[PDB]
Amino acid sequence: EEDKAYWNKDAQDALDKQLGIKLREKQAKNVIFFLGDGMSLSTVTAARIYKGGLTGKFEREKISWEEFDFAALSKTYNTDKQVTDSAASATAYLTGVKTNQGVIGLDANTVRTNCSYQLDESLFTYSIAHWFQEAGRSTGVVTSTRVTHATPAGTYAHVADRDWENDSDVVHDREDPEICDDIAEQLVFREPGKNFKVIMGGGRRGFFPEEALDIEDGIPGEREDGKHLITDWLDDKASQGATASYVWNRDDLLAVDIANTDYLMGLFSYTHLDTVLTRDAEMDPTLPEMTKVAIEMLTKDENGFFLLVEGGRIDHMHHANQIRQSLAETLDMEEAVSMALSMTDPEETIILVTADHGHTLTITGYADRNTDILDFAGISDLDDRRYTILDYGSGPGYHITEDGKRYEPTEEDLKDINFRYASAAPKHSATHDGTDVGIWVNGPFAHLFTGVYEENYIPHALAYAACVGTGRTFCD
């Protein structure tokens, strides 16, 4: 039982672990970057307890990346807003430069929704994936979102508005698609996108025209310019004399011949991949499964590789105050981190986990230990109605009943994967949260992450340790 001796040994052991930390002052060969979108520190705590609910450890459970010796805090404000969107943050943590809301791979001179700015190369910021490529090393990206979503896009795109995932989105904002390249285009026609060995996620819709029909579902595509970008991608690999594979389902992914495959594009949905609690496990590969295949491919490169893996729908669930699903997405990513750790060598591989920004999730009192984190906390002493442990500062969960009272959540509500937990400030989609987020790191030079940093510091430190880019380097 958790008595005085128990806690003293628990602590003495942690101290013993801390004292035994051996620094790794050697170049990083590989860098695996995990990004939990909208994964606030509160999401991590809540998810630790959620996991504990499955394993029976409850509040004593540990999140995989919390076994790392190095954690840090990251300040996420951007050049025009206190609370960053996913685009400006991705530009910061992948290109090393902070920027305006809605802009990817361009600096703060950029005026959002203005394409001219994406024609000016002097305004370009370049990603750690670019840098790995310039050094002759392999790159890839896995995500549960559309592969043209802001996060993956930060590794390769330069656009004046994150909304421009395909040419139909450019036209929608009155811009000229002929000269304003959309993100899907940039992934297949430009560097570094065109050189990625592995591209996985969703978003097939931005890659083929309205006149064409989707693999799997037969839904017409979104492109309005007649371009079939997947076949463009395939033709490109083939004309280089390389083998390439396009897959769109789990069985096919797992059947891929790793040894004989140079390029891999796996697009498992028309749009974002289905959430953990709604996906067809037969048809959709999980985040860890995608991660495994990505690592299998990229590790063939003896000079090293960079891989971005995003737990992306964490954010989407928070936006709808759908906290149960948000926690399930989070754990899918926690499991992916474990998959990566078991497949790589920490003496040469940096594994970093962070968030782009948080969400306004809070953990209220006062439930007893071992209480399911999604359960009720107690009854309000002001209106006599139940309240949940988890709730939000912002979102559509705020609900005044027909009688003008605070909606009281039910047992049925709590079990419902679509139930929206209460918020303090009603909004159709919850805003992001501005609080500093966490960073957790293992491997070479993990001790570059000890304190509190601006969010754009991250890739500068990672470059130093991997010896890529044009800044200070360990090999320097």
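Each residue number is its position in the shown sequence, starting from 1.
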**OP:** With reference to the PDB entry, specify whether the mean Cα temperature factor is higher for 402 to 410 or for 228 to 236.
**Re:** 402 to 410
Original post:
Of 299 to 307 and 355 to 363, which one has the bigger average CA B-factor?
Top reply: 299 to 307
Subject >> Among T261, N321, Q82, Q186 - the residue whose C-alpha B-factor is largest in the record >> reply: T261
Subject >> Top Cα B factor in the deposited entry, candidates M265, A88, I379, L390 >> reply: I379
Subject >> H432 - which third its CA temperature factor falls in, relative to the rest of the chain >> reply: lowest
Original post:
When the modelled residues of the chain are sorted by Cα temperature factor, does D252 land in the lowest, middle or highest third?
Top reply: middle
Original post:
Of the three thirds of its chain by CA temperature factor, lowest, middle or highest, which one includes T271?
Top reply: lowest
Subject >> Within-chain third of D37 by Cα B-factor, per the entry >> reply: lowest
Subject >> For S338, the third of its chain into which the C-alpha B factor falls >> reply: middle
